[PDB]
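The structure under discussion appears below in the form of structure tokens.
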Amino acid sequence: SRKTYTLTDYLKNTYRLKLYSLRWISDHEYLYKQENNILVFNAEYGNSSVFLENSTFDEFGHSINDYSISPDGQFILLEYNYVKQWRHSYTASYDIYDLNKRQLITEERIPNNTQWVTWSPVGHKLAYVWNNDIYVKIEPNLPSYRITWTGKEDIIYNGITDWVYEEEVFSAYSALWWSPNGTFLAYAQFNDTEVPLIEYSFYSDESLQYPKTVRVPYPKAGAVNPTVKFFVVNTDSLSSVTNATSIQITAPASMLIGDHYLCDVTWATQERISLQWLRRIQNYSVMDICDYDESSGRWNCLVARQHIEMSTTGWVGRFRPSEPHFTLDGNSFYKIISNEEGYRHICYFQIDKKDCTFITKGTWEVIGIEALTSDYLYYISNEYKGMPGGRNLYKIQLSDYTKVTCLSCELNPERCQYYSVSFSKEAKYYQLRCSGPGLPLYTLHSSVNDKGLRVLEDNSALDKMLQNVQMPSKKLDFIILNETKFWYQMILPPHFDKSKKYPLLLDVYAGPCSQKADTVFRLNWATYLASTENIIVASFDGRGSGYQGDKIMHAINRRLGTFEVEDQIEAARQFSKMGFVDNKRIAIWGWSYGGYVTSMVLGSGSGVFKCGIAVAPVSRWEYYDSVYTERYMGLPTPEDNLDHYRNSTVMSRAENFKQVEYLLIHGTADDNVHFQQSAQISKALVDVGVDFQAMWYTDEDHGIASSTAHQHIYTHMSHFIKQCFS
Amino acid sequence: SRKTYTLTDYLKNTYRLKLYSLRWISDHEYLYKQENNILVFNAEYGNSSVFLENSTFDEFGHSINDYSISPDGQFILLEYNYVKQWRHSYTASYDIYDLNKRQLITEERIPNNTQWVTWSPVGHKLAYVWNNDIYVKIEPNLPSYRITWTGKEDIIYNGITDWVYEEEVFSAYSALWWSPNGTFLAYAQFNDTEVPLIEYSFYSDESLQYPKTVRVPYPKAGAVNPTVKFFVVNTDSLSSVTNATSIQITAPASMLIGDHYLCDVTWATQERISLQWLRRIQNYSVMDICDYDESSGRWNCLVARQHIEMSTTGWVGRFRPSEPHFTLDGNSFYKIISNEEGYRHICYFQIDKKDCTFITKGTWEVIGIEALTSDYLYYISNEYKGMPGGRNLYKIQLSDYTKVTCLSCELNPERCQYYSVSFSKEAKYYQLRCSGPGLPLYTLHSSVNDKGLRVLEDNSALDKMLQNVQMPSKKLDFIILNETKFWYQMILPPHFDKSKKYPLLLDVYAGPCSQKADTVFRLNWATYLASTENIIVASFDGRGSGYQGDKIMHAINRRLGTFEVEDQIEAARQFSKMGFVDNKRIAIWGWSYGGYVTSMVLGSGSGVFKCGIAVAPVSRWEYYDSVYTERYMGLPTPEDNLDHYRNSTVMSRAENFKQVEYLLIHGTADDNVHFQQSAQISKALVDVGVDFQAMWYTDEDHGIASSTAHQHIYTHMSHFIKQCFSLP
Ligand SMILES: N[C@@H](CC(=O)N1CCCCCN1C(=O)c1ccccc1)Cc1cc(F)c(F)cc1F
Ligand SMILES: N[C@@H](CC(=O)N1CCCCCN1C(=O)c1ccccc1)Cc1cc(F)c(F)cc1F
């Protein structure tokens, strides 16, 4: 009777989720990439027009992987020769096409191996980074102006982030921010001169005779950190004369006293820029608000405008201090910050008034501020039904905080409990995106009335296909631990009979401020495990998890590898007694932080797990990068937290692996969690004589994401799970 | 009923083979280390005396791992702070103890981190190498004389070999040879300046924050090779004046025309040194014989004394040209070289007469020349019973080649078919060492009559223990392939019943000039597999194997990865039809070259094997070192042999692993077969989508020999074999 969602269905993508990625180019229209051609839509009525033909670039000779249309609509940026670097960085080649004259610009071309390119927010200026230096192009076909002269590979970074700032703070390679009307181009500069280098072999294609040694400036816990400087250049004064003058914005003095980080940059108006700085001990941050001094030429940040955000229970912000959203005139702003009760809510600030006023409150949290008009502030929160794993769009009346309206809650409560949104330029319209618990549903709305204009994509195609297959169901609920509730989720096999006993796989991540129990619909490896292998796949959010208040999130401050691993153990202990769970067949797996936790759990000696898999695990915190590790662990010095750094390694628990079956997997070219970390785990297991399974993936990084490696690791892990369970 | 030889018995060494390692210090006495104390024995009667007390070094503060007594008997060299490097090289600290005055010498001490130390053959001079430079000490307590000033880590090596000369040509770190009475100290110097570097990560103890990158000058196939120079210094002219004058011995011109290697140095008399040179294409070698010119001060090598040794079927020598054994006056010498029929035999040379005369002949081979007197030449060969896997000591009368006597053959034919020997200084006595098929047996003999003086060690202790356990048996036999015989051996489970069907594990190495089928008694992993798991463990010697003549050994010249892998397949195919072998459960494993072969066999598509294990395998020849690879494969250039270099990779056979269960294992710090090789195998397997098992050993090298790693790999492989055979 009917088939199931098989491993091959997962690996080969037989059932695909349709999306509807649009890009607003104004307050009334958006672009819609349609594989071949790019269309422009009228939000109000839904009528479209071909903006760019599929055939426009046949005889280009190069495969284009992406394109960027100037705010103007006058030019289009073509990206090709894409070569991936880290999680966000990459280099490519670029050609600009003039839509005014259907020509391909041929002069003063952007160099090959360009590191980053971006239009100004208005008109058609360009800033790009090449050989670590910043360049500006006022017109697509005119010579470009060199802004920085200090770029040097692996040493001086202008306009682009070094390894740790990319991964841990800006989640981007770009370190340059244009002012709203494009007059100013602000940028950061990173000096990695004394940052040690992580080195590892990269074998490359078979033809390479000698393996290459990759070296990337990467500061591990407690090591020397990159240093940073911020600058602002006026792109209307480049003219031709001499080298552009970049005005630096320094300090704050409370930051200069020791190591610190630049952690946010947000333009407030044409002449006001805000900056957030974080001390190396990340429980204290400062926001400066700097104004352009037309007579002086410099930028001054009035101490009256300085705001301090600190924490006494932990670090500041979910992963870094949140970003400010300024009102039109730039004299006030809204920002998500922790409550006195420990819940993240929106607080209203006057740029020159120290105390703010919360506009939202309650035991739930604002996930993020989505749009600000002079009337309303739109935000996403998990307030609805009191479930931390749901997401809904709300709007709050700026003149009366009592008038808060939920805009997504009731649209289709059965199928939609997790939304994200995308507003037009002046928030006249917004696209709601529901991604669970039912199939994704994309809709378009107009802010004046909040009425739904139409359904953009309802995934009906996928729906027809999935009713021919025995799909698994998902249960989102909670259990109680010491007077506080903790949520969990279970992917249940089809025709789940609580009478029968099922094996159970604990899918874990559990890093600080994470969430594995939610209402999102997913087609993944767990779908296959439940549907075909009839394995229940659970996830639990214990101490340390986020979106539930600092009492739960900061529970692991300076204590990684303790409560989050114990709560995973307690959850499974509780699941085993549920009645539909086979005690004798409970397993655990995780990737990255999940791998760390999975390994700490298997070596805890609990005896609750038969077997487990850890993919690219951290094994000891001194091996991970400073910005992340230190944020939760402090410095690994005897005066600070070295003792716990030493008490929380997977290696120290080697002996207890005797009791379980373990699968350790790691990519050899992992630039993030160095192969080193699993190399030390295997060496410790060998030293006490415990047998285990292993698999290395040659040249794969932290994502083990090449087509073949991805297929191979899941296939390998599937064999492992079925064997431990049958 | 009784126990078996278990995996734990192997990993924990519960049944140990006793040895009797002696060291001759004269023609009448030898030393015998007895854990605590070192004794000196009188060969004639067997009476001993305590030479050095166990307690002599209690308050030394350092654990001593070895010691060397000067030829004199006057001093003793103490080795401590031993830190291993490659297969033979290491650094250590040294202290000299004066036995004349029971004192520990405290002045002008040998440096810490010394790379190599050796007494002169006579008296008590010392030569040692430190920071790549040569030093000489005329007296243990006097300032030493710096001989070389060019040493530079990883670049210029004086008196010590670089990585490839250590592994492939001299099998030692030492590159210095004293003359017979210690007057001259000859040495080689290696320049690795343009040799590329192999680089790999070394993780070290957990406390290392950032992994270290090791880099060692290592020339892969076809790359730039180290260059070499030979020198001779007179240690009686060091006196104090100035820097010692080292006299260089160059050429031969037939060698200087291109890349070449220094491949042997053998002193002939107090003033005559011989040297063998090998061209980079290793089918041609030249021997120079150089005499000290007292008036000139230099060394001249008379072209009349030059001898060429070349091969048209393959390379020269088993692994390099063999070494000469000179007669008293140094005007003649005996050397093992290939026959016109292709068999290695002893031939007699006049230093200035071009054509030699073979003194042994037949379809068997002389393994090595063991001792030369004015009367007789003592040698080891596999002549007896026509079995290439046996070893016996023979003596041939130098005045009449017809009088050859076998000295070991009949001593104990049932238990002993594999001997090695150790002669005293002037061959007055010799120690025979039997290592199979029965338990090892060590005996002492006197050459005058060849009578047995006494049994030194008969392993009776082990014998008592082994009769309480169900030990396996060993069968040495042959099968015929295309009119020629090929030997094999099988470790058979106890109470073997040819009626029952047994799973069979093919244990393979099969590199050029190797031999896995022999009469040696062994206690290893195969003993456990047969005794406890009742698995038959076989080994076969096919084309390319040695000790059976060049027709078989050179069969793979320029053709690695072809006939030796095919013959392994044919052997297993034949074994599967034997009647006591289960077709459905045949597996294969090998280490190193064995790993390469095992992988080529599993990827051949034969279907004969269900599963197999490859430990530290070579995967493509361009990744291995020049001296070894090129010897059998030529240069990897289109004009030469690049096509076969490309046709013989494990990676190209990836698709055929779909049919088998494969276990790939490699040490991440393997400086010999770089992890790189298995990294390319796994990446090729992943690319065609074939599932397999893997295990990396952090910081372990080509031997995966630390105590814990050794135990862990055998345990892991045992689980894999039992599961593939459906036991447990
Ligand atoms: N440093 C972590 C950054 C991180 O958690 N990010 C990026 C910064 C914003 C916070 C959310 N997070 C996401 O980018 C993300 C990263 C990794 C898994 C899921 C989601 C990445 C990370 C943490 C670890 F504990 C690992 F071992 C591996 C890893 F990549
Ligand atoms: N290069 C080889 C040197 C070698 O065979 N030696 C050293 C030089 C004298 C000839 C005999 N041989 C011995 O040292 C020895 C080494 C290894 C196994 C058996 C015997 C070593 C070797 C060859 C390979 F094909 C491997 F992949 C690994 C390896 F160690």
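First listed ligand is number 1; within each ligand, the first listed atom is number 1. Heavy-atom basis, side chains included; hydrogens, waters and symmetry copies ignored. Quick note on labels: first sequence line is chain A, next is B, and so on, each numbered from 1.
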Quiz item: Which of these, B/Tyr624, B/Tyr623, B/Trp591, B/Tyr632, has its nearest heavy atom closest to atom 24 (C) of ligand 2?
Solution: B/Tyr624
Exercise. Indicate whether any N or O donor in one side chain lies under 3.5 Å from an N or O acceptor in the other, for A/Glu323 and A/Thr266.
Key: no
Quiz item: Which ligand 2 atoms, with their elements, are less than 4.0 angstrom from a heavy-atom of B/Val618?
Solution: 27 (F)
Quiz item: Would you call the rings of B/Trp621 and B/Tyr596 parallel, tilted or perpendicular if under 30° counts as parallel and over 60° as perpendicular?
Solution: perpendicular
Quiz item: Is atom 19 (C) of ligand 1 in close reach of the protein, with a heavy atom under 4.0 Å away?
Solution: no
Practice problem: Can you sort out which atoms of ligand 1 are near A/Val673, meaning under 4.0 Å from one of its heavy atoms? | Solution: 27 (F), 28 (C)
Self-check item: No-hydrogen, no-angle side-chain donor-acceptor test under 3.5 Å, A/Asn225 and A/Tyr261
Solution: yes
Self-check item: Spatial distance of atom OG (A/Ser626) from atom CD (A/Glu168) [nearest 0.5 Å]
Solution: 8.0 Å
Practice problem: State, with a plain yes or no, whether a side-chain heavy atom of A/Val650 is found less than 4.5 Å away from one of A/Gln677. | Solution: no
Quiz item: Hey, is atom 14 (O) of ligand 1 touched by any protein heavy atom at less than 4.0 Å?
Solution: no
Quiz prompt | A/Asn672: numbered ligand 1 atoms lying under 4.0 Å from its heavy atoms | solution = 30 (F)
Exercise. For the pair B/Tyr218 and B/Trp163, name the ring-plane relationship: parallel under 30°, tilted 30 to 60°, perpendicular over 60°.
Key: tilted
Quiz item: Do the ring centers of B/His88 and B/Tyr173 come within less than 6.0 Å of each other?
Solution: no
Quiz item: Which residue and non-hydrogen atom of the protein lie closest to atom 3 (C) of ligand 1, and at what distance in Å?
Solution: A/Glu168 OE1, 3.2 Å
Quiz item: Taking heavy atoms and a distance under 4.0 Å, where does B/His702 meet ligand 2: side chain, backbone, both or neither?
Solution: side chain
Quiz item: How are the rings of B/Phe170 and B/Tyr165 set relative to one another: parallel (under 30°), tilted (30 to 60°) or perpendicular (over 60°)?
Solution: parallel
Practice problem: Looking only at protein heavy atoms, identify the closest one to atom 5 (O) of ligand 1 and say how far it is in Å. | Solution: A/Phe319 CE2, 3.7 Å
Exercise. Go through ligand 2 atom by atom and flag the ones less than 4.0 Å from a non-hydrogen atom of B/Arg87.
Key: 30 (F)
Exercise. Any atoms of ligand 2 less than 4.0 Å from a non-hydrogen atom of B/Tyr593? List them with their elements.
Key: 25 (F), 27 (F)
Quiz item: Is it true that A/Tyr596 lies under 4.0 Å from ligand 1, counting heavy atoms only?
Solution: no
Quiz item: Side chains of B/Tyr624 and B/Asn672: donor-acceptor distance under 3.5 Å anywhere?
Solution: yes
Quiz item: About how many Å separate OH of A/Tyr418 and CG of A/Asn382, when rounded to the nearest 0.5 Å?
Solution: 9.0 Å
Quiz prompt | Evaluation steps, side chain to side chain contact (heavy atoms under 4.5 Å, CB included), between A/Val627 and A/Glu167 | solution = CA-CA 9 Å; A/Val627 181; A/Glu167 174 75 6; over 6 Å; no
Quiz item: Does an N or O anywhere in A/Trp621 fall below 3.5 Å from an N or O of ligand 1?
Solution: no
Quiz item: For B/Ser171, is the nearest heavy atom under 4.0 Å from an atom of ligand 2?
Solution: yes
Practice problem: Report the nearest protein non-hydrogen atom to atom 7 (C) of ligand 1: residue, atom name, distance rounded to 0.1 Å. | Solution: A/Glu167 O, 3.8 Å
Quiz item: Would you say atom 30 (F) of ligand 2 touches the protein, meaning some protein heavy atom is under 4.0 Å from it?
Solution: yes
Quiz prompt | Heavy-atom nearest option to atom 26 (C) of ligand 2, drawn from B/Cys513, B/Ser592, B/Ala172 | solution = B/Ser592
